[PDB]
Each structure stands twice: as structure tokens, then as C-alpha cells.
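Student: Quick one: structure below, then a few questions.
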There are 6 protein chains.
Amino acid sequence: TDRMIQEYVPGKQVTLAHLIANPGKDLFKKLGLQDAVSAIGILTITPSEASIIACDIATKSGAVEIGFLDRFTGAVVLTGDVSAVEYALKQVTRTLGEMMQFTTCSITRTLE
Amino acid sequence: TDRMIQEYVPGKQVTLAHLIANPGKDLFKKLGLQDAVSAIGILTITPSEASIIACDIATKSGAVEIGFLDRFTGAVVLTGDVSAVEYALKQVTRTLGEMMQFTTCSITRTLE
Amino acid sequence: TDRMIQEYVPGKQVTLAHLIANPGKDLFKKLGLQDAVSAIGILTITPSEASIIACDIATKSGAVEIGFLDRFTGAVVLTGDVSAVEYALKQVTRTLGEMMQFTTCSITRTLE
Amino acid sequence: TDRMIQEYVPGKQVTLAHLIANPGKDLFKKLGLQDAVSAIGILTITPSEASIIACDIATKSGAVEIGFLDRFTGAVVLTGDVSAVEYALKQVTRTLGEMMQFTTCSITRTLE
Amino acid sequence: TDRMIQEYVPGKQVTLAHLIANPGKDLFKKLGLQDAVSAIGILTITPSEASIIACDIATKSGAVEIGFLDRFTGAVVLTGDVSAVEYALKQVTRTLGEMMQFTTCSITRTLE
Amino acid sequence: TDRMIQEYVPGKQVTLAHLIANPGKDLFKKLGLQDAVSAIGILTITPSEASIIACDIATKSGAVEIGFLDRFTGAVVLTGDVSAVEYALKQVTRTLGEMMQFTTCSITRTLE
């Protein structure tokens, strides 16, 4: 019944920052990832273009590679040593949140 | 008509977690699923990237396979023994809900 | 002027459940439907993945076939005898609404 | 900044129902329309699947053809005699509005 | 925390109506525009199908051509003499706003 | 659960205006950018078509090139001398904000 006009603009938020230490080979391949299976870091970012910035921060933080960047949805999958990927995820959230005023989530993990 | 700016960000929610014990061959095929027809588990997840995590929790929970993952829509279809898929769905919802503050739905079933 | 953050999640709703007893051949073909022209049942479902469940309920209800399933938008077109398609549409809304707490619309028809 | 979860579902609305008596050949061609240029009727419909119903009501109302149907966006372009397309647009809006509780717009025209 | 269902329908609005007298050749080509570089008129229109109407009004207003029409997003790029394109943009906003009750923006320009 | 109809229209906003002085070669390549790696400027703009205007303001402001434009998402990536890209980003935000009533973000930078 009640009616309203909504002007949409993207928010600034890292919704997910999640570590999987030992993902399955099938999951890894279904994501289109190449190289030996490794730990992955998974980011959900709005606006979608901030994925570019998260990639730069992450790869500059240590020996982490971009598994994939999706500038259309904001998704980023990072690869590398599990502790390095964790450090990257932390740097991404630290930088976006503290220096660019994004809402950020805590780093979450799947280690088993 | 009232007017408001709405900054969009994805929520954190498992909206569907549904078991179909005996899906028809046509459906199973229209979904692009391969192998013999089996029970399927159907998940709807926001943000879409959390489908990756749900897949990991599911395949680690027992003898359940990824039928498909859609990181763009957040859909996951799981395959395996009906009881194993059921356990996987419960583990996805238990884990995302209790450990990651997602809103979760109850597990629903089509057994006939 | 006024500003708000909106966390989006899909609702649970069957918005359309509509019967067309005698659709035109041009409409039928433009929808990419095969076989002899027949009555059609048209569903609009959120979240999109619940289209899979609606298909299963519908095809289990009687001699109704999936014309198409669209798991990306939630659209389902059913085909068969007009009264069978009507029964299917009713079973879909009955099951989603009563057992899965979806908001459901009434079955609507175009018989002429 | 205030924050809210918004569960999305499509509304039921015909937002545009517009007659162009004499569209230019370039436009008619940029729309992918075939046959000789004719008057066109333009519909915007939510939910998108209701475009199927609008098409049926239109073609059954008289000598009007589907130029195209888009079940993804809900767009319908109708073709035929300008007066017949006009009658079709009025029948789409009368039927969806009175019989199916859609919000409907007034019919608008470009006659020059 | 707080939760609401939002039934979405498109608004009726021309958000952008902007003139660029001398766009760069690289910008012109990246937009996929053909012919000699010329001034461009840029429209943002909701619902997306109203782009069709804006095109018709614009091309009927004088010697303005459709650079492109995007019925999926509502974008229209017009080409021609800078003053003619300006006149077109004004006719589009005049007609949609005054005769079809769209919210319209003012015409904005980049002349240098 | 409360319910409301929301008519959607795009807002007018520059959400991101970000300088990366030294992006890695892999990122630069994953973005589909050609030529030698250079500093990049990253814009997020609503409505998406305003990316066209931002491009024009940027290339006219000095020796800055369009790496890419995305009129569907509103993304712009600029390339050139780090100081020139910075000036371009400031001119995009100054111009859209002061002359066209867009909400604008502050310019942000990754210099390390």
C-alpha cells in the first residue's frame, strides 16, 4: 500500500572477508582457479569497483595472488599461504574501513 | 510521493535450504546436473559469494557433491544421499548462522 | 535528501500464478516452447532458486511438464492440459505458502 | 546513517503504456523490429513475467502483433494499426488493473 | 536489525540530460559511435523502455540521430549539431515531464 | 513484517574516486588494460551513464587517458601520470558535485 521513491546508490562495505585454509579441489576448479590448490580468501565488496583496490592492497601485503577479480559484482578470491591470505584480508579491511570509511566485517575462517 | 536515498549493501542470509529426495529426470537435466539422478539440496545465499563457503561446509560435512555453484546469484545445488544432503544443509545453516551472524531459514523438504 | 542503508535479501513470495488456456502460437514460440501449443501456467517466484521447487511440486502433481525453468529470475512456465496446469499452480502456491511460509498470490486465469 | 534490511519482491504494476503512431525507420530498426514500419505500443510491466499475459491480452483484443516480448525486463512492444494498438494497450491496463490488482498508468501517446 | 519487505517497481524519471559539445574521438569510439565525431546528448531514463519514446521525440525534434538506444538500462546517446541536440534534450524532458509525469532534471552541459 | 512499494530511480553520486600510483602488472592486466603499467584512477558513478561525462571532464583536464569506461556499471578507470590522474579525479568530483548536484566522495589514494 504505502509508496516511496528510492534513489539508489551503492554503499561502501566489505560484507565478507573469509578464509578457507583447505578448500576442496572440486570447489577450487569450479571457481575457475588455476595452480595447485591453496588456501583462499574471499571478499564481498560494495561498490563493485573497490575490488580493484582490495586486490592492490592484498597483493602489496605479501605473497598473495589474485585468484580472480570481479569488478561487476565486487567479488575477489585471493590465493596463497593461509597465514599470508589472512594477513591480506586484514589489510584490505583495515585500509578500506579506517582510511576509506567502508563498513567492514570481521575476518572469519574455515580451518578444518 | 516521499523520497529517500538508499545505499545498497548485501545482507547476510540463507533464505532457502531445501531438500528434494527424488527430483524428476527432466528437472535434474534442466538444471544441467550430470550423473545419475540423486537427492538434491538447494540453497539461496546472500551475499552471493557466501555460496563458496556453503559449498565448503557442505562437502566437508560428509559424502555430498557440488552439483553447481553460482557465485553471481548465490545459488548452490548439492547432490548425494538424501540423508547426507540433509545433514550438509543443516551444517551450512548452523555454521553461517551461529558462527557468522547470518539470518538462516529452517530446513525444508520435499520427500514425496 | 534523507538517506539510509538498505541491506538487501530476497523475499519469499509467489507474485504471479497465472493460467492461459489457449495462448497464441506466436507467443508460445517466442517463449521458446516446443511441442504442440497447449495451455500454460506462469509463475513469478522469489527467491529465484525456489523455481526449482515449484517445478518439482508441479510435475509431481500430475501430467504437467516444465516448459522452462529460469533459476536466475525465478520464472517457471508449465505446460499441459489446462485443468492439470491449474491443479499444479494450486499445489505450488499451497506448498510454498503453507509449508515454506512464502507470501502467495491467488491463481488468476485467461480462459478466452 | 540509519540501516534496514529490505526483503525484495517484485511489485505488480504497468508503469508505461504508450502509443507511437509513426515511429521513424531507424528506431523501428534499432529495436530489431521486422516488417514495414507501423504504429507501436510500448509496455513496461512488473513483474517481468506478466509481459506474457499482456501479450496474450493484446493479441486476443484484435489485429495486433507481438513486435517483441522481454520476460527478463517485462518490456512488450506491440505492432499494428494505431487504433488497434491503442485498444490493445487499454485492454492490457484494464485487465491487469481491474482483474489482477496491478497498479496501472494512463495510456499515453505520441501522434506527431 | 529492522526489517521490511520492499515491492519494487520502476520510477518515472529522466535523471540525466547532458550535452557535450566536443567529446574526444576516443570517448566517441569507446561508446561504439560511428560517423564523424559530433556533439552528443546523454540521457538516463527510468523505466528503461521510455528510452524508445525519448528517441522518437528527439529525432522528431530536428536533425538529431540516435547514437545508441539501450532499452535495457534506459540510456540514450543522441548525435548532431550541438544546438539541435540541446533542443532535442529539452523536448525529451518537456514531453516526459509535462505530458507523462516523469520527474525530470535540468539540461546540463559541457561546452569547453 | 512491514511492507512498502519502492519506486526505484538512480541517485546522483560519485561513490569512489581513488588513485593507485603503482598498481601491479597482474591487476593492470586482469583489468584488460593495455600499454605500460601506469598510475590508475578509479571511479564509481551513479547513474551509470554519468561515466561518459566523467570521462570527458578527465581527458579534458590534462594528459589522462580512458583505460576503460563501463556505462552499464558506471565504472571509469583512468590512466596517466599519477599527478595528472589525481587532478582529473578532483576535476570530476568538483564538476559533478558543484555544477550538477551529485553527492561526491573525497579523493583517496594508494601511494605505496
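We name chains A, B, ... following the order of the C-alpha cells; residues begin at 1 in each chain, and ligands are numbered from 1 as shown.
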Just asking: which residues within chain A are strand (DSSP E) according to DSSP, as a VMD selection string?
Tutor: chain A and resid 3 to 10 13 to 20 39 to 46 64 to 70 75 to 80 103 to 104 108 to 110
Student: So that I can see what lies close to residue 54 of chain C, please list as a compact mmCIF listing (two decimals) with N, CA, C and O atoms, in the first residue's frame the residues with an atom at most 9 Å from it, counting only C-alpha atoms and leaving out residues fewer than 2 positions away in the same chain.
Tutor:
```
# COMPACT_ATOMS: atom_id res chain seq x y z
N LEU C 43 4.54 -18.68 -13.50
CA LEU C 43 4.88 -18.40 -12.13
C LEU C 43 5.98 -17.34 -12.03
O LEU C 43 6.92 -17.36 -12.82
N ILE C 45 8.46 -16.15 -9.00
CA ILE C 45 8.89 -16.63 -7.71
C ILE C 45 10.20 -15.97 -7.24
O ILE C 45 11.15 -15.86 -8.01
N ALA C 50 13.81 -20.96 -5.74
CA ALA C 50 12.54 -21.64 -5.45
C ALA C 50 11.76 -22.07 -6.70
O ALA C 50 10.84 -22.85 -6.59
N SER C 51 12.15 -21.59 -7.88
CA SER C 51 11.62 -22.08 -9.14
C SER C 51 11.86 -23.59 -9.28
O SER C 51 11.07 -24.30 -9.87
N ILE C 52 12.97 -24.07 -8.73
CA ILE C 52 13.34 -25.49 -8.80
C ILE C 52 12.34 -26.37 -8.04
O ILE C 52 11.94 -27.42 -8.49
N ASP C 56 9.37 -29.10 -9.27
CA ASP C 56 9.21 -30.41 -8.68
C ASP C 56 7.77 -30.64 -8.18
O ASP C 56 7.16 -31.65 -8.49
N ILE C 57 7.24 -29.71 -7.40
CA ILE C 57 5.86 -29.83 -6.98
C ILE C 57 4.90 -29.97 -8.18
O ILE C 57 4.00 -30.83 -8.19
N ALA C 58 5.10 -29.15 -9.21
CA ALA C 58 4.19 -29.10 -10.32
C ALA C 58 4.19 -30.40 -11.08
O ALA C 58 3.12 -30.96 -11.34
N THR C 59 5.38 -30.87 -11.46
CA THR C 59 5.48 -32.11 -12.23
C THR C 59 5.06 -33.35 -11.43
O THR C 59 4.61 -34.35 -12.01
N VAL C 76 8.92 -19.65 -14.06
CA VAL C 76 8.60 -21.00 -14.49
C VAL C 76 7.37 -20.94 -15.41
O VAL C 76 6.43 -20.28 -15.10
N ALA C 88 -1.66 -28.00 -10.79
CA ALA C 88 -0.24 -27.71 -10.48
C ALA C 88 0.01 -26.35 -9.85
O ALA C 88 0.72 -26.23 -8.84
N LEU C 89 -0.53 -25.29 -10.46
CA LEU C 89 -0.30 -23.94 -9.95
C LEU C 89 -0.80 -23.85 -8.52
O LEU C 89 -0.16 -23.24 -7.66
N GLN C 91 -1.06 -26.36 -6.34
CA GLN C 91 -0.19 -27.16 -5.49
C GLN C 91 1.10 -26.41 -5.14
O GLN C 91 1.60 -26.50 -4.01
N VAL C 92 1.62 -25.66 -6.12
CA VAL C 92 2.84 -24.86 -5.96
C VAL C 92 2.56 -23.81 -4.89
O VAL C 92 3.26 -23.74 -3.88
N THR C 93 1.51 -23.02 -5.09
CA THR C 93 1.16 -21.99 -4.10
C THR C 93 0.79 -22.56 -2.74
O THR C 93 1.14 -21.98 -1.69
N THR C 95 1.88 -25.42 -1.37
CA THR C 95 3.07 -25.94 -0.74
C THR C 95 4.03 -24.83 -0.29
O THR C 95 4.46 -24.83 0.86
N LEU C 96 4.33 -23.87 -1.16
CA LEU C 96 5.26 -22.79 -0.80
C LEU C 96 4.70 -21.96 0.32
O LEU C 96 5.41 -21.67 1.25
```
Student: Any idea which chain A residues end up within 12 Å of chain D if we count only C-alpha atoms, as a compact mmCIF listing (two decimals) with N, CA, C and O atoms, in the first residue's frame please?
Tutor:
```
# COMPACT_ATOMS: atom_id res chain seq x y z
N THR A 1 0.83 -1.25 0.00
CA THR A 1 0.00 0.00 0.00
C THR A 1 0.85 1.29 0.00
O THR A 1 0.82 2.03 -0.99
N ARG A 3 3.85 3.91 -0.35
CA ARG A 3 4.66 4.06 -1.53
C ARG A 3 5.78 5.09 -1.35
O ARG A 3 5.58 6.13 -0.71
N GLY A 11 26.43 1.39 -1.41
CA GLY A 11 27.05 1.66 -0.13
C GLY A 11 28.52 1.38 -0.25
O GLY A 11 29.02 0.96 -1.32
N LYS A 12 29.23 1.65 0.84
CA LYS A 12 30.65 1.34 0.97
C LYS A 12 30.82 0.33 2.12
O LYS A 12 30.69 0.66 3.31
N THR A 103 32.13 0.33 5.85
CA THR A 103 31.72 -0.59 6.92
C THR A 103 32.48 -1.88 6.63
O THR A 103 32.59 -2.28 5.48
```
Student: Measuring atom to atom with only C-alpha atoms, identify which of D:104, D:47, D:68, D:78 is nearest to residue 7 of chain E.
Tutor: D:47
